[PDB]
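Student: A single structure is presented below for examination.
Residue numbers (the entry's author numbering), protein chains in the order written: chain B, 16 to 43, 54 to 80, 85 to 134; chain A, 15 to 135; chain B', 16 to 43, 54 to 80, 85 to 134; chain A', 15 to 135; chain Y, 1 to 7; chain Y', 1 to 7; chain X, 1 to 7; chain X', 1 to 7. A prime marks a further copy of an entry chain.
If you want it as structure tokens, here you go:
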């Protein structure tokens, strides 16, 4: 259910392939991550995460979340965006937010 | 390539990370014991052309907590900066998401910080 | 624009009074916080935050975000929910998420 | 009431916090200098009946970065636990939101950790 | 936050 | 994340 | 993250 | 938060 093209709610497009053993690969820029390739059958979503380094914006975002299947499939996430900074500015180097991905724009 | 090698926290987690030439991070989480049964794949990305004025190197990685023996139905991402030198660090924030029902999805993600060092505590 | 009743997207109801000098008071349980009582006139939202201690669930949530005015007024937030735990469990004591508040259910 | 008093980070911020009997937190951020021009109001809540088995006390507070002299159009919330004893701490995570346009709202919130101690560094 | 579910 | 705005 | 404690 | 640096 994960392999394919995903759209966030702000324009962005995520093309991902989910490998049999847990790999996520694709493009957002190169993306790579991992997912639970044997999720529970108890109604739980499928845990996952991926990273894109923005190379050059000297920064990288990680998305952490879960895939939820069905007619209205979603990947529900929260993200951290860290910029390369001086040590003086390191305290303010990470932004946080959320993204909801769906199979249609 | 100062990222490549073994990194620890003061909880003493252990990660062995290889940084590839154009931005790939690969490697593993290893238990204190270091056996396959507690080993998990790590993958991520880093800025392979950071500013060379002392600024940090932006990076991130993910571990999904499934291997050939165990499955915690969860995954953690770490987001942060590598800083080199005699007291090298990877300074991070992490998000740990568990697979949950839709009713519990609101409480699926834990957050915290992690400071990694090259020196085993 | 802040004073009044707000609804998140999951049921919850937030009754708040914004005081002239930056105080937020009200109920969610008692709520208290602060807001920028002289926001910029450059299209920026109004920064704010508040806390509710859940007394007893031995926990407290902080919401951090901004008020955006107009016909479709919103308070857009992200939250941290910390539980009281043993030291052994402190590493996993804080959940993160987001909430969008609107003036209608 | 072990929460009440002055708390510091290793960035050395200074917060003076008063914990009221049934759950109120009040007080101020104070600059290194301690003058009114860099003083900001803090308000929050804490669990006034925590587990008494050594567990932490859940709490949170907010500072909006406006006073009678300055306005940084932003506010920080800290969420965490008070732990008492000889090496008392308030262990927290924070969210710092700036007022932004709708187009920049996506990048309005910074995140990090803060460890508070009673001992001025 | 789903408050009613938490409490 | 508004990627196009960030880059 | 206390990985050993989580697993 | 480095408050002194932010303000």
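Quick reminder that beta carbons are idealized off the backbone N, C-alpha and C, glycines included.
#1: Below 8 angstroms between beta carbons: does that hold for residue 75 of chain A' and residue 124 of chain A'?
#2: Identify, in the order they occur along the chain, each residue of the same chain with its Cβ nearer than 7 angstroms to the Cβ of residue 44 of chain A', setting aside the five sequence neighbours on each side.
#3: Closer than 8 angstroms by beta-carbon distance: list the chain X residues that pair up with residue 84 of chain A, in chain order.
#4: Quick check: residue 80 of chain B' and residue 63 of chain A', are their CB atoms within less than 8 angstroms of each other?
#5: Going by C-alpha distance, which of A':119, A':112, A':105 and A':89 is nearest residue 37 of chain B'?
#6: Output the boundary residues of the alpha helix (DSSP H) element that contains residue 47 of chain A'.
#7: How would you list, in chain order, the residues of chain Y whose beta-carbon sits under 8 angstroms from the beta-carbon of residue 72 of chain A?
#8: Using the beta-carbon of each residue, which ones in chain B' are nearer than 8 angstroms to residue 92 of chain A'?
#9: With a threshold of 8 angstroms between beta-carbons, can residue 113 of chain A' be considered close to chain D, or not?
#10: Name the residue from B:87, B:16 and B:73 whose alpha carbon lies nearest to the alpha carbon of residue 112 of chain B.
#11: Which residues mark the beginning and the end of the alpha helix (DSSP H) in which residue 3 of chain Y' is found?
#12: If you count every other CB in all the chains shown that lies within 10 Å of the CB of residue 96 of chain A, and 16 or more means buried, which is it?
#13: Whose Cβ in chain B' lies nearer than 8 angstroms to the Cβ of residue 125 of chain B?
#14: What is the rounded straight-line gap between the Cα of residue 73 of chain A and the Cα of residue 32 of chain B'?
#15: Apart from the five residues on each side of it in sequence, which residues of its chain come closer than 7 angstroms, Cβ to Cβ, to residue 103 of chain A?
#16: Near residue 56 of chain A', what residues of its chain come up, given a Cβ to Cβ distance below 8 angstroms and the 5 sequence neighbours on each side ignored?
#17: Pull up the CB-CB distance for residue 51 of chain A and residue 22 of chain A, whole angstroms please, since I reckon it's below 8 angstroms.
#18: Work out the CA separation of residue 99 of chain B and residue 70 of chain B for me, nearest whole Å.
#19: Tell me the DSSP secondary structure of residue 69 of chain B' in three-state form.
#20: Between the stretch 52-77 of chain A' and chain B', which residues of the former have CB atoms less than 9 angstroms from a CB of the latter, in chain order?
#21: Mind pulling the chain X residues with CB within less than 8 angstroms of residue 120 of chain B'?
#22: Please report the residue range of the beta strand (DSSP E) in which residue 124 of chain B' lies.
#23: Take the Cβ of residue 47 of chain A as the centre, count every other Cβ of all protein chains shown within 10 Å, and call the residue buried at 16 or more, exposed below.
#24: Does the Cβ of residue 66 of chain A have 16 or more other Cβ atoms within 10 Å, making it buried, or fewer, making it exposed?
#25: Assuming residue 18 of chain A contacts residue 91 of chain B (C-beta within less than 8 angstroms), just tell me the rounded distance between them.
#26: Could you give the DSSP three-state label for residue 112 of chain B: helix, strand or coil?
#27: Quick one: grab the DSSP three-state call for residue 118 of chain A'.
#28: Give me, in chain order, the residues of the same chain whose beta-carbon lies closer than 8 angstroms to that of residue 108 of chain B'; leave out the 5 immediate sequence neighbours on both sides.
#29: Can you find the residues in the same chain that come closer than 6 angstroms, C-beta to C-beta, to residue 61 of chain A', ignoring five residues on each side of it along the sequence?
Tutor: Working from what's here:
#1: If you number the fourth chain from 1, residue 75 of chain A' lands on position 61. If you number the fourth chain from 1, residue 124 of chain A' lands on position 110. No, these two residues do not count as a Cβ contact at 8 angstroms.
#2: The residue you call residue 44 of chain A' lines up with position 30 of the fourth chain. So the qualifying residues of the chain are 28, 30 and 53.
#3: Working through the second chain from its first residue, we reach residue 84 of chain A at position 70. The answer, in chain order, is 7.
#4: By 1-based counting over the third chain, the position of residue 80 of chain B' is 55. By 1-based counting over the fourth chain, the position of residue 63 of chain A' is 49. In contact: residue 80 of chain B' and residue 63 of chain A' (Cβ atoms closer than 8 angstroms).
#5: Within the third chain, the letter at position 22 stands for residue 37 of chain B'. For the residues A':119, A':112, A':105 and A':89, the minimum Cα distance to residue 37 of chain B' belongs to A':89.
#6: The residue labelled residue 47 of chain A' in the question sits at position 33 within the fourth chain. Neither: residue 47 of chain A' is in no alpha helix (DSSP H) and is coded neither H nor E.
#7: Translated into positions along the second chain, residue 72 of chain A becomes position 58. Neighbours of residue 72 of chain A on chain Y: none; closest Cβ ~30 angstroms, over 8 angstroms.
#8: In the fourth chain, residue 92 of chain A' corresponds to position 78, counting from 1. Going along chain B' in sequence order, the residues near residue 92 of chain A' (Cβ under 8 angstroms) are 91.
#9: The question asks about chain D, but that chain is absent: this structure's protein chains are B, A, B', A', Y, Y', X and X'.
#10: Here residue 112 of chain B refers to the residue found at position 83 when the first chain is read from its first residue. Here the closest residue by C-alpha is B:87.
#11: Within the sixth chain, numbered from 1, the residue matching residue 3 of chain Y' stands at position 3. Counting along the chain, the alpha helix (DSSP H) containing residue 3 of chain Y' begins and ends at 3-6.
#12: Locating residue 96 of chain A in the second chain gives position 82, counting from the first residue. Under this definition residue 96 of chain A is a buried residue.
#13: Taking the first residue of the first chain as 1, we reach residue 125 of chain B at position 96. Neighbours of residue 125 of chain B on chain B', chain order: 107 and 125.
#14: By 1-based counting over the second chain, the position of residue 73 of chain A is 59. By 1-based counting over the third chain, the position of residue 32 of chain B' is 17. Cα-Cα distance, rounded: 42 angstroms.
#15: Here residue 103 of chain A refers to the residue found at position 89 of the second chain. 97, 129, 130 and 131, listed in sequence order.
#16: One-based indexing of the fourth chain puts residue 56 of chain A' at position 42. Taken in chain order, the residues that qualify are 29, 31, 39, 40, 41, 42, 43, 75, 76 and 77.
#17: As a first step, residue 51 of chain A is located in the second chain; it is residue number 37 there, counting from the start. As a first step, residue 22 of chain A is located in the second chain; it is residue number 8 there, counting from the start. Contact flag wrong, Cβ pair sits at about 20 angstroms.
#18: As a working note, residue 70 of chain B is residue 45 in the first chain. As a working note, residue 99 of chain B is residue 70 in the first chain. C-alpha separation (whole angstroms): 11 angstroms.
#19: Taking the first residue of the third chain as 1, we reach residue 69 of chain B' at position 44. Three-state DSSP puts residue 69 of chain B' in coil, outside helix and strand.
#20: 54, 55, 56, 57, 58, 59, 60, 61, 62, 63, 64, 65, 67, 68, 69, 70, 71, 72, 73, 74, 75, 76 and 77
#21: Here residue 120 of chain B' is taken as the residue at index 91 of the third chain, counted from 1. The answer, in chain order, is 1, 2 and 5.
#22: Against the third chain, residue 124 of chain B' aligns to sequence position 95. 123-131 is the span of the beta strand (DSSP E), which, as asked, contains residue 124 of chain B'.
#23: Here residue 47 of chain A refers to the residue found at position 33 of the second chain. Result: exposed.
#24: Start at 1 with the first residue of the second chain, and residue 66 of chain A comes out as number 52. Counting Cβ neighbours within 10 Å, residue 66 of chain A comes out exposed, since fewer than 16 surround it.
#25: For the purposes of this step, residue 18 of chain A is identified with residue 4 of the second chain, where counting begins at 1. For the purposes of this step, residue 91 of chain B is identified with residue 62 of the first chain, where counting begins at 1. That belief does not hold up - the Cβ atoms of residue 18 of chain A and residue 91 of chain B are roughly 20 angstroms apart, past 8 angstroms.
#26: As a position in the first chain, residue 112 of chain B is number 83, starting the count at 1. Of the three classes helix, strand and coil, the one that applies to residue 112 of chain B here is strand, per DSSP.
#27: Position 104 of the fourth chain, counting from 1, holds the residue named residue 118 of chain A'. The answer is helix: DSSP assigns residue 118 of chain A' an H, G or I state.
#28: Working through the third chain from its first residue, we reach residue 108 of chain B' at position 79. Answer for residue 108 of chain B': 90, 91, 92, 93, 125, 126, 127 and 128, listed in chain order.
#29: For this step, residue 61 of chain A' is matched to residue 47 along the fourth chain. Contacts found: 71 and 72.
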